[PDB]
Amino acid sequence: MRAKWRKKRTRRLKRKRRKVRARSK
Amino acid sequence: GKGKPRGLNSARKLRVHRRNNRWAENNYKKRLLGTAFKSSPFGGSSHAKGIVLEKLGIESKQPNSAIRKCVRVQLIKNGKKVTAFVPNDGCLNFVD
Amino acid sequence: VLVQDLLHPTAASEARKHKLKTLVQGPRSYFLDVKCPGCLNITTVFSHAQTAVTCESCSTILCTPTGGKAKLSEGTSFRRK
Amino acid sequence: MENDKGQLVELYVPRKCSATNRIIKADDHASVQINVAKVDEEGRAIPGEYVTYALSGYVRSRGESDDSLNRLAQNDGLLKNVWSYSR
Amino acid sequence: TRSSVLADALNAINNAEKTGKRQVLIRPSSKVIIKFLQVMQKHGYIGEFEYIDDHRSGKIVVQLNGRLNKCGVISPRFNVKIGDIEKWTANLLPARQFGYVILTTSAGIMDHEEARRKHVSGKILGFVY
Amino acid sequence: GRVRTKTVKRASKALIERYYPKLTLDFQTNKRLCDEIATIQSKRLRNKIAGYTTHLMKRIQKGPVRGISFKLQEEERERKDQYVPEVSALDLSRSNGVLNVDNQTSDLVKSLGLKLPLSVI
Amino acid sequence: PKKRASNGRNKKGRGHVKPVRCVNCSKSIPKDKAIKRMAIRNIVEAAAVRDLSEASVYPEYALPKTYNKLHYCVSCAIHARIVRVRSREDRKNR
Amino acid sequence: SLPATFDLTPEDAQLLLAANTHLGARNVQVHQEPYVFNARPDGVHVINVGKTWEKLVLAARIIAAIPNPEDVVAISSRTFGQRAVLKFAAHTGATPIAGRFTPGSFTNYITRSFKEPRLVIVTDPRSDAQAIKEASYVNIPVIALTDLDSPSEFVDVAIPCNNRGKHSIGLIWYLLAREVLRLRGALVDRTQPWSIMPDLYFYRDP
Amino acid sequence: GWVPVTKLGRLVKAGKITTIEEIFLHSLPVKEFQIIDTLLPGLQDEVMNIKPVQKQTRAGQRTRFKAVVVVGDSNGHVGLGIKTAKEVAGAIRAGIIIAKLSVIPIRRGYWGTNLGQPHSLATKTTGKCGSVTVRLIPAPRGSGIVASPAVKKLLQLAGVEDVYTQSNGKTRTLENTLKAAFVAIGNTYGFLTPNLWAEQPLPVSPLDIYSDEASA
RNA sequence: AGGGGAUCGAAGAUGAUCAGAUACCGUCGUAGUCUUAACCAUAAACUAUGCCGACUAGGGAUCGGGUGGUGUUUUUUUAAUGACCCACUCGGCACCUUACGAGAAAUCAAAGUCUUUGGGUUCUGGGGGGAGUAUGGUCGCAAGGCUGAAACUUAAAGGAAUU
């Protein structure tokens with residue numbers, strides 16, 4: 001897969017993880 | 001000058017660069033961090049004892065096909081689970 | 001060139017080369033003798049004067065400033081030192 | 001090359017180029033040996049009395065061999081005036 | 001800017017010898033430079049060198065022969081001693097039959113052999129062969 | 001097509017470069033001549049060579065073309081090689097006894113041994 | 001690798017160049033990167049000047065021309081045969 | 001050293017002046033040839049006659065020093081000097097290789113055109129550079145009819161010359177043949193000119 | 001049946017030129033292995049290995065054999081031959097011919113004792129053919145040959161006794177390492193030892209004197 | 001957060017093509033594209049080439065400046081002032097043939113003066129993934145920016161050229 005789209009998916013996963021951590025704390 | 005300090009009083013800078021660059025070595029990093037003593041299942045030991053939990057039948061990698069007939073063990077000294085493969089032929093029945 | 005004399009090269013080469021590129025660094029400029037029309041008022045000026053130098057007793061401009069050699073007045077006399 | 005005994009040791013005594021004192025290699029394949037015959041008061045060149053100039057291949061590769069030959073001839077008297085030190 | 005006068009000059013002579021020219025010009029004109037040139041001249045590695053003396057730093061014009069194969073300079077002047085001068089000469093020199101390593105001892109400027117003859121040492125300037 | 005094979009081409013040029021007095025411009029007679037001289041196994045082959053030689057004769061009767069040397073080309077070369085049309089070779093003539101040169105060449109010649117009629121303009 | 005000494009076009013020491021749009025595909029390309037063809041044609045086609053002369057008011061005259069500068073991108077030029085690919089050695093010419 | 005007889009004689013001087021030998025190339029000129037004398041306002045450079053004459057006499061000495069005359073190799077690629085080198089060979093032995101030079105003759109021994117020289121008088125270095133490479137690979141000294149714009153690469157002997165025009169090249173070829181013949185001794189009278197008109201060397205245009 | 005095409009072949013066949021030093025001093029070109037094995041009857045051949053190179057074709061892969069060969073008596077002469085041929089025997093023969101045609105003298109020398117016969121190189125030498133840098137350094141008496149098996153065989157065939165060799169780069173390229181050693185062994189003569197600083201009379205090439213026997 | 005918001009125009013609305021088309025193609029169309037006061041600190045931000053200083057094969061053209069032309073033209077046929085041509089020089093964008101050399105090659109007058117190893121100096125990298133991820137800090141309204149692993153897995157991942 002293209003590095004740009006992989007990076008975009010990484011940013012989406014980072015946002016999801018940050019939201020999960022914020023809702024947990 | 002090969003991109004490195006060469007003055008007679010740049011020994012500190014050279015030593016700092018050497019210390020920073022040495023961390024890239026696998027042996028250097030492993031020796032100082034002690035990952036063998038905390039992360040490795042054997043804890044830096046050449047040999048380790050355990051007890052057999054159950055058998056396992058993992059398949060083969062590229063170009064070949066065989067059932068290796070391995071065994072899972074639990075280390076007493078660490079408490080972790082380990083996969084091991086018997087070296088000789090036809091000893092799975094011998095192992096209980 | 002395998003062999004060439006850097007001790008006493010040709011005067012033409014030393015003249016065509018830049019001032020700082022010769023054997024001995026020296027100014028290629030020179031001073032001037034100027035005579036004002038009417039009254040002599042002999043005095044020495046410099047080639048690239050960079051100023052509108054006038055006579056010490058007259059309002060006539062000895063030379064005008066320019067980027068290169070300063071342009072001298074048409075009526076003023078020109079003499080090498 | 002000499003030893004304590006005084007006898008000659010090592011073979012292949014090498015030559016050096018006249019223009020530049022660099023040893024000519026045996027494996028070198030870009031060098032020639034210029035030779036000029038000498039006349040004796042009659043315009044006729046006496047055989048076997050030629051003078052020899054050694055020219056390495058490096059000066060040839062740099063294209064300075066002609067100037068080197070003119071200098072050598074002028075210095076040896078084979079030539080009179082084409083070569084000037086001042087240049 | 002200018003860092004090592006001896007290094008820049010020695011590079012100039014090395015480039016001139018690589019080109020093949022029979023003479024070269026040294027710009028910086030340092031006393032150590034004239035000392036180095038005397039060291040070459042007294043041993044025959046170069047020919048005649050003269051120093052253009054203006055009211056400024058000056059220059060040098062030196063005629064070379066086809067006898068200087070390689071000259072180099074050790075920029076960090078390490079304080080070599082009696083013990084390590086042999087290993088330094090072995091490392092720098094192609095052989096001990098020829099080649100000379102020059103160093104500033106208490107007496108002055110001379111080669112490694114003369115320095116060992118006088119039993120003195122100091123900082124190391126460079127190598128020549 | 002009807003492109004001649006290199007073997008018959010070589011045979012034809014060998015015949016041309018050797019037997020010009022023997023070769024003629026009539027096909028049948030030189031075909032018989034090839035029959036006598038050239039030892040060719042097959043009639044079609046020798047006939048093709050004879051035809052090629054006839055074509056070459058017709059072509060080079062007008063003039064030489066390429067790589068022939070037919071025992072008369074070198075005759076012409078060694079005959080029409082020394083022309084020397086008298087004093088019309090542009091040397092010390094075709095003028096008023098003077099050499100028209102430029103100013104720099106004039107200073108060059110007088111700096112040299114001179115002994116020449118300079119006409120610098 | 002380094003297929004060409006000039007990476008895109010003759011852009012050394014400049015950096016950013018104002019871009020232009022292709023004539024047909026309307027693609028934005030740097031001005032120097034556009035293959036520019038100085039097309040100088042006639043608004044009367046071939047074999048038509050003869051018929052257009054005697055059928056025109058006033059004798060002779062007219063004879064005008066059209067002049068347009070076409071900025072073709074690399075892909076459009078390749079497709080329209082404006083510029084043709086050649087060998088490695090032929091690239092260095094002109 | 002020469003016995004005061006190999007000097008600039010007026011007859012050859014006027015011949016060279018009338019042949020426009022001194023007129024060189026345009027502003028392009030290699031620094032390796034300082035034979036250029038001043039520069040005309042039009043753009044043509046002047047070559048001093050004495051330098052040319054000394055170079056011719058030196059090349060003649062080189063040619064005459066070779067014992068076997070057929071070791072002399074003269075090759076020309078341009079059509080302006082084919083007849084010149086042909087007549088030079090006809091008068092000084094040698095072998096003419098005028099025309100198109102087949103590569104590999106000097107190095108490869110399979111070809112039937114093998115002839116290793118002791119020197120070459122290659123005329124135009126640019127057009128006959130392949131012959132220069134062969135002579136280098138087989139270690140043959142090079143004498144080149146160089147020009148101001150002509151390269152000075154792999155040239156032991158350089159002949160300042162104007163390589164454009166049949167007249168100048170034919171005249172200098174004839175002169176070279178004349179003085180090498182005098183050196184070889186067939187011409188007993190060095191002062192007397194050759195009894196052969198130099199027009200024979202120049203080729204015929206049609 | 002010799003019929004030497006080159007004039008030097010006729011000269012050596014006439015018995016006028018006897019030693020390899022005569023041709024090596026003047027660097028006269030040689031094109032026949034018969035000349036080399038005539039003036040050097042003691043040359044011994046050795047082959048390191050045979051590389052089975054392949055090249056893809058329309059409907060298969062053509063296989064050729066590359067043979068790397070060395071020759072030269074243990075008295076100051078070495079030569080290397082590289083050749084790809086269809087058959088291994090022909091490749092070996094052609095490599096032998098090339099190695100014979102590529103003889104180069106070696107400059108020997110003393111470590112600094114000045115007591116007996118030469119046993120090492122005069123100066124430290126370097127050689128690179130590709131990305132391999134073979135370095136030769138003088139060694140004291142009794143040290144021996146310290147190198148790879150191939151370089152050790154080459155230097156024993158050369159005739160030196162004590163050497164110190166250091167290599168950098170992909171030493172796996174055996175042909176490259178041998179060619180680098182060849183370059184260094186040929187360059188060892190390029191150094192200007194002070195014994196050569198004296199100016200000697202310049203000799204003349206043999207053909208000028210012996211042109212009568214040449215050609216014809 | 002304001003003004004403006006003519007064209008283009010992510011989202012979206014339709015009509016095509018296709019087994020499917022949420023795209024490539026046709027028409028509209030919000031944010032945006034423009035401007036003011038503040039954040040964003042990023043890119044193939046490339047010349048994938050660090051800065052300063054010395055030397056090294058040639059050739060032509062060009063930009064800015066300077067000097068000399070028994071030079072041309074423009075003027076007031078002729079002074080100035082300019083615009084041209086010839087020669088030289090400094091500082092730049094660069095270009096062409098070659099390789100004394102470098103490089104694995106593509107190629108480089110610098111990527112040279114590095115196994116004949118040292119001009120001064122800063123930064124970055126030690127097999128490929130994991131991963132520019134998690135965590136610990138820091139800046140930012142926000143998206144995100146800087147520093148930055150480990151566990152685990154593999155024997156090939158790669159670069160240049162040849163058929």
# chains A, B, ... in the order shown; residues from 1 in each chain; ligands from 1
$ select_by_dssp --residues "chain G" --states "alpha helix (DSSP H)" --output "MDAnalysis selection string"
chainID G and resid 49:54 74:80
$ select_by_dssp --residues "range 25-111 of chain H" --states "strand (DSSP E)" --output "PyMOL selection string"
chain H and resi 36-37+46-47+72-74+95-96
$ residues_around --residues "residue 19 in chain D" --least-positions-apart "4" --cutoff "9 Å" --atoms "only C-alpha atoms (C1' of nucleotides)" --output "JSON, numbers by chain"
{"C": [2], "D": [53, 54, 55, 56, 59, 65, 68, 69, 71, 72]}
$ interface_residues --of "chain D" --to "chain H" --cutoff "10 Å" --atoms "only C-alpha atoms" --output "VMD selection string"
chain D and resid 28 to 51 55 57 to 70 73 to 74 76 to 84 87
$ interface_residues --of "chain C" --to "chain J" --cutoff "9 Å" --atoms "only C-alpha atoms (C1' of nucleotides)" --output "list in words"
residues 15, 16, 17, 18, 19, 67, 68 and 69 of chain C
$ write_last_selection --atoms "C-alpha atoms" --output "mmCIF file, in the first residue's frame"
data_model
loop_
_atom_site.group_PDB
_atom_site.id
_atom_site.type_symbol
_atom_site.label_atom_id
_atom_site.label_comp_id
_atom_site.auth_asym_id
_atom_site.auth_seq_id
_atom_site.Cartn_x
_atom_site.Cartn_y
_atom_site.Cartn_z
ATOM 1 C CA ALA C 15 49.264 44.366 -17.028
ATOM 2 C CA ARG C 16 46.327 42.262 -18.230
ATOM 3 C CA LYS C 17 46.093 40.281 -14.987
ATOM 4 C CA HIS C 18 44.191 41.625 -11.995
ATOM 5 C CA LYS C 19 45.986 43.794 -9.448
ATOM 6 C CA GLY C 67 31.880 54.237 -10.312
ATOM 7 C CA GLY C 68 35.137 53.819 -12.213
ATOM 8 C CA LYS C 69 37.644 56.574 -12.930
#
$ interface_residues --of "chain J" --to "chain H" --cutoff "9 Å" --atoms "only C-alpha atoms (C1' of nucleotides)" --output "PDB file with N, CA and C atoms (P, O5', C5', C4', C3', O3' and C1' of nucleotides), in the first residue's frame"
ATOM      1  P     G J  58      44.228  24.137 -18.211  1.00  0.00           P
ATOM      2  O5'   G J  58      44.116  24.158 -19.798  1.00  0.00           O
ATOM      3  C5'   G J  58      43.113  24.921 -20.447  1.00  0.00           C
ATOM      4  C4'   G J  58      42.512  24.163 -21.603  1.00  0.00           C
ATOM      5  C3'   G J  58      41.404  24.879 -22.355  1.00  0.00           C
ATOM      6  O3'   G J  58      41.892  25.822 -23.292  1.00  0.00           O
ATOM      7  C1'   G J  58      40.703  22.689 -21.857  1.00  0.00           C
ATOM      8  P     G J  59      41.310  27.319 -23.300  1.00  0.00           P
ATOM      9  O5'   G J  59      39.934  27.181 -24.086  1.00  0.00           O
ATOM     10  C5'   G J  59      39.904  26.629 -25.393  1.00  0.00           C
ATOM     11  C4'   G J  59      38.490  26.433 -25.875  1.00  0.00           C
ATOM     12  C3'   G J  59      37.538  27.590 -25.626  1.00  0.00           C
ATOM     13  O3'   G J  59      37.684  28.642 -26.563  1.00  0.00           O
ATOM     14  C1'   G J  59      36.497  25.569 -24.997  1.00  0.00           C
ATOM     15  P     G J  60      37.448  30.164 -26.107  1.00  0.00           P
ATOM     16  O5'   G J  60      35.903  30.413 -26.402  1.00  0.00           O
ATOM     17  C5'   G J  60      35.356  30.123 -27.680  1.00  0.00           C
ATOM     18  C4'   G J  60      33.885  29.807 -27.596  1.00  0.00           C
ATOM     19  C3'   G J  60      33.006  30.879 -26.973  1.00  0.00           C
ATOM     20  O3'   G J  60      32.688  31.925 -27.874  1.00  0.00           O
ATOM     21  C1'   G J  60      32.452  28.776 -26.053  1.00  0.00           C
ATOM     22  P     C J  86      33.399  40.749 -30.638  1.00  0.00           P
ATOM     23  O5'   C J  86      34.878  41.333 -30.543  1.00  0.00           O
ATOM     24  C5'   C J  86      35.743  41.305 -31.668  1.00  0.00           C
ATOM     25  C4'   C J  86      37.112  41.838 -31.328  1.00  0.00           C
ATOM     26  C3'   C J  86      37.697  41.375 -30.006  1.00  0.00           C
ATOM     27  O3'   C J  86      38.251  40.072 -30.069  1.00  0.00           O
ATOM     28  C1'   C J  86      37.992  43.707 -30.219  1.00  0.00           C
TER      29        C J  86
END
$ atom_distance --atom1 "CA of residue 202 in chain H" --atom2 "CA of residue 145 in chain H"
16.0 Å
$ interface_residues --of "chain B" --to "chain E" --cutoff "8 Å" --atoms "only C-alpha atoms" --output "PDB file with N, CA and C atoms, in the first residue's frame"
ATOM      1  N   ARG B   6      38.976  17.024  14.792  1.00  0.00           N
ATOM      2  CA  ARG B   6      40.367  16.604  14.736  1.00  0.00           C
ATOM      3  C   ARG B   6      41.288  17.440  15.612  1.00  0.00           C
ATOM      4  N   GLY B   7      40.756  18.393  16.372  1.00  0.00           N
ATOM      5  CA  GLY B   7      41.588  19.175  17.259  1.00  0.00           C
ATOM      6  C   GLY B   7      42.096  18.364  18.435  1.00  0.00           C
ATOM      7  N   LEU B   8      43.196  18.843  19.019  1.00  0.00           N
ATOM      8  CA  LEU B   8      43.795  18.156  20.156  1.00  0.00           C
ATOM      9  C   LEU B   8      42.937  18.249  21.411  1.00  0.00           C
TER      10      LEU B   8
END
$ residues_around --residues "residue 103 in chain H" --least-positions-apart "6" --cutoff "12 Å" --atoms "only C-alpha atoms (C1' of nucleotides)" --output "short mmCIF file (atom, residue, chain, number, x, y, z; two decimals) with N, CA and C atoms, in the first residue's frame"
data_model
loop_
_atom_site.label_atom_id
_atom_site.label_comp_id
_atom_site.auth_asym_id
_atom_site.auth_seq_id
_atom_site.Cartn_x
_atom_site.Cartn_y
_atom_site.Cartn_z
N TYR H 109 46.71 -8.50 -35.67
CA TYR H 109 47.56 -9.10 -36.68
C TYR H 109 46.80 -9.96 -37.68
N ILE H 110 45.49 -10.14 -37.49
CA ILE H 110 44.71 -10.93 -38.44
C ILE H 110 44.56 -10.19 -39.76
N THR H 111 44.35 -8.87 -39.70
CA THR H 111 44.14 -8.10 -40.92
C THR H 111 45.39 -8.12 -41.80
N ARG H 112 45.17 -8.07 -43.11
CA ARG H 112 46.27 -8.09 -44.07
C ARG H 112 46.95 -6.74 -44.21
N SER H 113 46.41 -5.68 -43.60
CA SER H 113 46.96 -4.34 -43.70
C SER H 113 47.85 -3.99 -42.50
N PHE H 114 48.51 -4.99 -41.91
CA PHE H 114 49.39 -4.74 -40.78
C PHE H 114 50.69 -4.10 -41.25
N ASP H 128 41.92 12.09 -37.81
CA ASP H 128 42.71 10.86 -37.72
C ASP H 128 43.09 10.55 -36.28
N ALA H 129 42.20 10.88 -35.34
CA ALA H 129 42.46 10.58 -33.93
C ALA H 129 42.50 9.08 -33.68
N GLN H 130 41.75 8.29 -34.46
CA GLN H 130 41.79 6.84 -34.30
C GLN H 130 43.19 6.31 -34.59
N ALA H 131 43.82 6.82 -35.65
CA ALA H 131 45.21 6.46 -35.93
C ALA H 131 46.12 6.89 -34.79
N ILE H 132 45.82 8.02 -34.15
CA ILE H 132 46.59 8.47 -33.00
C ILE H 132 46.46 7.47 -31.86
N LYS H 133 45.24 6.99 -31.61
CA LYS H 133 45.04 5.99 -30.56
C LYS H 133 45.78 4.70 -30.88
N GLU H 134 45.76 4.27 -32.14
CA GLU H 134 46.48 3.06 -32.52
C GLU H 134 47.99 3.23 -32.34
N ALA H 135 48.52 4.38 -32.76
CA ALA H 135 49.94 4.65 -32.60
C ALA H 135 50.33 4.72 -31.13
#
$ atom_distance --atom1 "CA of residue 30 in chain I" --atom2 "CA of residue 126 in chain H"
28.3 Å
$ residues_around --residues "range 82-84 of chain G" --least-positions-apart "3" --cutoff "9 Å" --atoms "only C-alpha atoms (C1' of nucleotides)" --output "PyMOL selection string"
chain G and resi 35+37+72+74+76-79
$ write_last_selection --atoms "N, CA and C atoms" --output "PDB file, in the first residue's frame"
ATOM      1  N   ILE G  35       6.284  21.893 -22.687  1.00  0.00           N
ATOM      2  CA  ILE G  35       6.868  21.828 -24.024  1.00  0.00           C
ATOM      3  C   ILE G  35       6.156  22.886 -24.863  1.00  0.00           C
ATOM      4  N   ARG G  37       5.523  25.006 -28.155  1.00  0.00           N
ATOM      5  CA  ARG G  37       5.660  24.951 -29.603  1.00  0.00           C
ATOM      6  C   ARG G  37       5.178  26.260 -30.209  1.00  0.00           C
ATOM      7  N   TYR G  72       2.297  22.156 -24.351  1.00  0.00           N
ATOM      8  CA  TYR G  72       1.917  20.755 -24.243  1.00  0.00           C
ATOM      9  C   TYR G  72       2.671  20.115 -23.085  1.00  0.00           C
ATOM     10  N   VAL G  74       4.039  16.721 -20.887  1.00  0.00           N
ATOM     11  CA  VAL G  74       4.822  15.581 -21.356  1.00  0.00           C
ATOM     12  C   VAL G  74       3.910  14.495 -21.914  1.00  0.00           C
ATOM     13  N   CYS G  76       0.729  14.694 -22.975  1.00  0.00           N
ATOM     14  CA  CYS G  76       0.025  15.128 -24.178  1.00  0.00           C
ATOM     15  C   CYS G  76       0.960  15.178 -25.379  1.00  0.00           C
ATOM     16  N   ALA G  77       2.196  15.641 -25.179  1.00  0.00           N
ATOM     17  CA  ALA G  77       3.159  15.673 -26.274  1.00  0.00           C
ATOM     18  C   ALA G  77       3.496  14.267 -26.752  1.00  0.00           C
ATOM     19  N   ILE G  78       3.662  13.326 -25.819  1.00  0.00           N
ATOM     20  CA  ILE G  78       3.929  11.942 -26.206  1.00  0.00           C
ATOM     21  C   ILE G  78       2.751  11.372 -26.986  1.00  0.00           C
ATOM     22  N   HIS G  79       1.527  11.637 -26.521  1.00  0.00           N
ATOM     23  CA  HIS G  79       0.346  11.108 -27.194  1.00  0.00           C
ATOM     24  C   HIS G  79       0.155  11.714 -28.580  1.00  0.00           C
TER      25      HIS G  79
END
$ residues_around --residues "residue 23 in chain F" --least-positions-apart "2" --cutoff "10 Å" --atoms "only C-alpha atoms (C1' of nucleotides)" --output "ChimeraX atom specification"
/F:15-16,18-21,25-27,29-31,33-34,50,53-54,57
$ write_last_selection --atoms "N, CA, C and O atoms" --output "PDB file, in the first residue's frame"
ATOM      1  N   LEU F  15      36.410 -11.172 -61.923  1.00  0.00           N
ATOM      2  CA  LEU F  15      36.508 -11.226 -63.379  1.00  0.00           C
ATOM      3  C   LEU F  15      36.808  -9.850 -63.964  1.00  0.00           C
ATOM      4  O   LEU F  15      37.627  -9.724 -64.883  1.00  0.00           O
ATOM      5  N   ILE F  16      36.146  -8.812 -63.453  1.00  0.00           N
ATOM      6  CA  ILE F  16      36.310  -7.472 -64.013  1.00  0.00           C
ATOM      7  C   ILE F  16      37.722  -6.956 -63.764  1.00  0.00           C
ATOM      8  O   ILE F  16      38.355  -6.378 -64.656  1.00  0.00           O
ATOM      9  N   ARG F  18      40.435  -8.479 -63.565  1.00  0.00           N
ATOM     10  CA  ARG F  18      41.479  -9.277 -64.198  1.00  0.00           C
ATOM     11  C   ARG F  18      41.369  -9.351 -65.713  1.00  0.00           C
ATOM     12  O   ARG F  18      42.392  -9.296 -66.399  1.00  0.00           O
ATOM     13  N   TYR F  19      40.159  -9.475 -66.258  1.00  0.00           N
ATOM     14  CA  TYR F  19      39.992  -9.827 -67.664  1.00  0.00           C
ATOM     15  C   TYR F  19      39.271  -8.739 -68.453  1.00  0.00           C
ATOM     16  O   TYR F  19      38.357  -9.040 -69.228  1.00  0.00           O
ATOM     17  N   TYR F  20      39.661  -7.477 -68.264  1.00  0.00           N
ATOM     18  CA  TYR F  20      39.060  -6.400 -69.049  1.00  0.00           C
ATOM     19  C   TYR F  20      39.281  -6.568 -70.549  1.00  0.00           C
ATOM     20  O   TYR F  20      38.302  -6.448 -71.306  1.00  0.00           O
ATOM     21  N   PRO F  21      40.494  -6.833 -71.050  1.00  0.00           N
ATOM     22  CA  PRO F  21      40.625  -7.079 -72.497  1.00  0.00           C
ATOM     23  C   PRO F  21      39.813  -8.269 -72.971  1.00  0.00           C
ATOM     24  O   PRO F  21      39.344  -8.275 -74.116  1.00  0.00           O
ATOM     25  N   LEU F  25      31.062  -6.358 -74.306  1.00  0.00           N
ATOM     26  CA  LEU F  25      29.744  -5.827 -73.986  1.00  0.00           C
ATOM     27  C   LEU F  25      28.605  -6.681 -74.533  1.00  0.00           C
ATOM     28  O   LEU F  25      27.442  -6.282 -74.420  1.00  0.00           O
ATOM     29  N   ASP F  26      28.904  -7.836 -75.118  1.00  0.00           N
ATOM     30  CA  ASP F  26      27.886  -8.739 -75.638  1.00  0.00           C
ATOM     31  C   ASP F  26      27.749  -9.926 -74.695  1.00  0.00           C
ATOM     32  O   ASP F  26      28.749 -10.549 -74.328  1.00  0.00           O
ATOM     33  N   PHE F  27      26.508 -10.237 -74.312  1.00  0.00           N
ATOM     34  CA  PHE F  27      26.277 -11.201 -73.240  1.00  0.00           C
ATOM     35  C   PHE F  27      26.748 -12.601 -73.617  1.00  0.00           C
ATOM     36  O   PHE F  27      27.411 -13.274 -72.819  1.00  0.00           O
ATOM     37  N   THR F  29      28.926 -13.902 -75.864  1.00  0.00           N
ATOM     38  CA  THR F  29      30.345 -14.197 -76.040  1.00  0.00           C
ATOM     39  C   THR F  29      31.078 -14.239 -74.703  1.00  0.00           C
ATOM     40  O   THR F  29      31.895 -15.137 -74.467  1.00  0.00           O
ATOM     41  N   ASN F  30      30.790 -13.297 -73.800  1.00  0.00           N
ATOM     42  CA  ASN F  30      31.447 -13.343 -72.500  1.00  0.00           C
ATOM     43  C   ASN F  30      30.884 -14.444 -71.613  1.00  0.00           C
ATOM     44  O   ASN F  30      31.598 -14.933 -70.733  1.00  0.00           O
ATOM     45  N   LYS F  31      29.636 -14.869 -71.832  1.00  0.00           N
ATOM     46  CA  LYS F  31      29.141 -16.051 -71.136  1.00  0.00           C
ATOM     47  C   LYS F  31      29.911 -17.296 -71.563  1.00  0.00           C
ATOM     48  O   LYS F  31      30.287 -18.123 -70.724  1.00  0.00           O
ATOM     49  N   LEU F  33      32.951 -17.189 -72.705  1.00  0.00           N
ATOM     50  CA  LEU F  33      34.278 -16.968 -72.137  1.00  0.00           C
ATOM     51  C   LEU F  33      34.336 -17.415 -70.679  1.00  0.00           C
ATOM     52  O   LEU F  33      35.311 -18.049 -70.250  1.00  0.00           O
ATOM     53  N   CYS F  34      33.301 -17.086 -69.905  1.00  0.00           N
ATOM     54  CA  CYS F  34      33.199 -17.577 -68.535  1.00  0.00           C
ATOM     55  C   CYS F  34      33.092 -19.094 -68.502  1.00  0.00           C
ATOM     56  O   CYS F  34      33.649 -19.733 -67.603  1.00  0.00           O
ATOM     57  N   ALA F  50      27.849 -14.321 -65.497  1.00  0.00           N
ATOM     58  CA  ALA F  50      28.065 -13.681 -66.792  1.00  0.00           C
ATOM     59  C   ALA F  50      27.156 -12.469 -66.969  1.00  0.00           C
ATOM     60  O   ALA F  50      27.592 -11.418 -67.459  1.00  0.00           O
ATOM     61  N   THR F  53      28.513  -9.642 -64.861  1.00  0.00           N
ATOM     62  CA  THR F  53      29.673  -9.015 -65.495  1.00  0.00           C
ATOM     63  C   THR F  53      29.262  -8.140 -66.672  1.00  0.00           C
ATOM     64  O   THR F  53      29.868  -7.089 -66.905  1.00  0.00           O
ATOM     65  N   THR F  54      28.247  -8.556 -67.436  1.00  0.00           N
ATOM     66  CA  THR F  54      27.760  -7.696 -68.513  1.00  0.00           C
ATOM     67  C   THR F  54      27.193  -6.395 -67.959  1.00  0.00           C
ATOM     68  O   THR F  54      27.456  -5.311 -68.498  1.00  0.00           O
ATOM     69  N   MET F  57      30.080  -4.240 -66.875  1.00  0.00           N
ATOM     70  CA  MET F  57      30.724  -3.631 -68.032  1.00  0.00           C
ATOM     71  C   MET F  57      29.927  -2.439 -68.535  1.00  0.00           C
ATOM     72  O   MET F  57      30.493  -1.372 -68.805  1.00  0.00           O
TER      73      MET F  57
END
